[PDB]
Amino acid sequence: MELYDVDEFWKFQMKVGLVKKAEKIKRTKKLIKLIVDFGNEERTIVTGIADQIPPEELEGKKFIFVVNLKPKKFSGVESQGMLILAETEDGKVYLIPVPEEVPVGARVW
């Protein structure tokens, strides 16, 4: 069922990012706004896992983020990337933190 080429995967850019701050977006039940430090730059990233993962479980940690996607506004918030996580078929979401040793900005691929 559809097999792709590695170079095609390689065009997407995932990097390690440190969550400087994370807070629920007003008037939403699942949205969380993140301010992520990728070393050379900072980015605002929205994730909608607040019904399963509270904001304080992301702050201070490093995670994988796709950073070369088309910008998108959620509830008026400009999201400049996307938090990568694990999710089972039953809809349960799990964070995938990056080890503390990995420098922010490292490429994930």
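Where the PDB entry is consulted, the protein chain appears under the name MetRS related protein, with the organism given as Pyrococcus horikoshii. This entry's official PDB title is "Crystal structure of MetRS related protein from Pyrococcus horikoshii". We quote the UniProt Function (unreviewed entry) comment for the protein chain here in full: "Is required not only for elongation of protein synthesis but also for the initiation of all mRNA translation through initiator tRNA(fMet) aminoacylation."

Before going further, it helps to examine the overall build of the protein chain. A count of helices and strands for the protein chain gives one helix and ten strands. Ordered by position from the N terminus, the helices and strands of the protein chain form the series α-β-β-β-β-β-β-β-β-β-β. Taking 2.2 N^0.38 as the reference for a compact globule, 109 residues should give roughly 13 Å; the C-alpha atoms of the protein chain span a radius of gyration of 14 Å, in line with that estimate. Across its three principal directions, the C-alpha atoms of the protein chain cover 40 × 35 × 25 Å. A total of 109 residues make up the protein chain; the buried ones form 32% of that total. Within the protein chain, contacts between residues separated by at least 24 positions form 58% of all contacts whose residues are at least 6 apart in sequence. Surface summary for the protein chain: the accessible area is close to 7200 Å², and the carbon and sulfur share equals 55%. Between the centroid of the 18 positive side chains of the protein chain and the centroid of its 18 negative side chains there is a distance of 8 Å.

The next thing to look at is a negative patch on the surface. A cluster of acidic residues, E23, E56, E57 and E59, forms a negative patch at the surface. Inspection of the secondary structure assignment puts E56 in the loop between β3 (42-47) and β4 (62-66).

Let's shift gears to a nonpolar patch on the surface. Together, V6, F9, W10 and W109 make up an exposed nonpolar region whose accessible area comes to about 450 Å². Its location among the elements puts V6 in helix α1 (residues 6-10). On the accessibility criterion, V6 (46% relative accessible area) is partly exposed.

As for its placement among the helices and strands, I96 is situated in the loop between β9 (93-94) and β10 (107-108). Along the backbone, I96 and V108 are twelve residues apart, and their C-alpha atoms lie at a distance of 13 Å. Once residues within four sequence positions are removed from consideration, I96 is found in contact with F63, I64, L85 and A86.

Let us now look at the layout of surface pockets. Empty space within the largest pocket amounts to approximately 330 Å³. Going through the elements one at a time, β3, β5 (72-74) and β7 (82-83) are the ones with two or more residues in the lining of the largest pocket. Of the residues assigned to the lining of the largest pocket, the class counts are ten nonpolar, seven polar and five charged.

Mapping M1 onto the fold places it in the segment before α1. Separated by 58 residues in the primary sequence, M1 and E59 place their C-alpha atoms 38 Å from one another.

About the criteria used
Residues numbered from 1 in each chain as written, not as in the entry; some residues may be left out. Heavy atoms only, no water. UniProt positions renumbered as here; feature names shortened; annotations may be inferred. Helix = DSSP H or I, 4+ residues; strand = E, 2+ residues; numbered from the N terminus. Rg over C-alpha atoms; globule rule 2.2 N^0.38 Å. Buried < 20%, exposed > 50% of the residue type's maximum accessible area, 1.4 Å probe, protein only. Contact = heavy atoms within 4.5 Å. Areas by Shrake-Rupley, 256 points an atom, 1.4 Å probe, with all protein chains shown as cover. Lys, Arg positive; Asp, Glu negative; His and termini not counted. Charge placed at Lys NZ, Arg CZ, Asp CG, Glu CD. Patch = residues over 30% accessible without salt bridge, like charges linked within 9 Å, V, L, I, M, F, W, Y side chains within 5 Å. Salt bridge = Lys/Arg side-chain N within 4 Å of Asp/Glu carboxyl O. 1 Å grid on protein atoms, 1.4 Å probe; cavity = no way out; pocket = protein on both sides within 12 Å on 5 of 7 lines; lining within 4 Å. Points joined across faces, edges and corners; volume = space filled by probe spheres on them. Nonpolar A, V, L, I, M, F, W, Y, C, P; charged D, E, K, R; others polar.

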